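**Student:** need coordinates for the below:
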Amino acid sequence: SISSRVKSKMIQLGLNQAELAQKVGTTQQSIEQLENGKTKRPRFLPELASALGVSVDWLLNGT
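**Tutor:** Residues are numbered from 1 along each chain as shown. Dropping the coordinates below:
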């Protein structure tokens, strides 16, 4: 699921939830919630896209 896609990229990159949430500028809770499969449109999607240097298209769709 989407949070996996996000995470596994960060992991390889070296980043984790804290660094992620910071760089995104979201709440730490929102990262867990992302990994709770809770929301397709999280309140930082474009911000996440910049955070992993991916597109919004890819984040939503995803290969």
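
**Student:** isn't residue 27 right up against residue 18?
**Tutor:** No - contact criterion Cβ atoms under 8 Å: residue 27 and residue 18 do not qualify, at 11.7 Å. Bear in mind the C-beta positions are built from the backbone N, C-alpha and C, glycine included.

**Student:** using the three-state scheme, assign residue 38.
**Tutor:** Reduced to three states with DSSP: H, G, I helix; E, B strand; the rest coil, the structure at residue 38 is coil.

**Student:** and it, what does it touch?
**Tutor:** Not one residue lies near residue 38 by Cβ atoms under 8 Å, 6 or more residues apart in numbering.

**Student:** and residue 7, how far from residue 22?
**Tutor:** Going from residue 7 to residue 22 by Cβ to Cβ, to the nearest Å gives 15 Å.

**Student:** which of those two has more neighbours?
**Tutor:** Comparing residue 7 with residue 22 by other Cβ atoms under 10 Å, the one with more neighbours is residue 7, at 19 against 12.

**Student:** right, and residue 56 touches residue 49 too?
**Tutor:** Yes - if you go by Cβ under 8 Å, residue 56 and residue 49 touch, sitting 4.6 Å apart.
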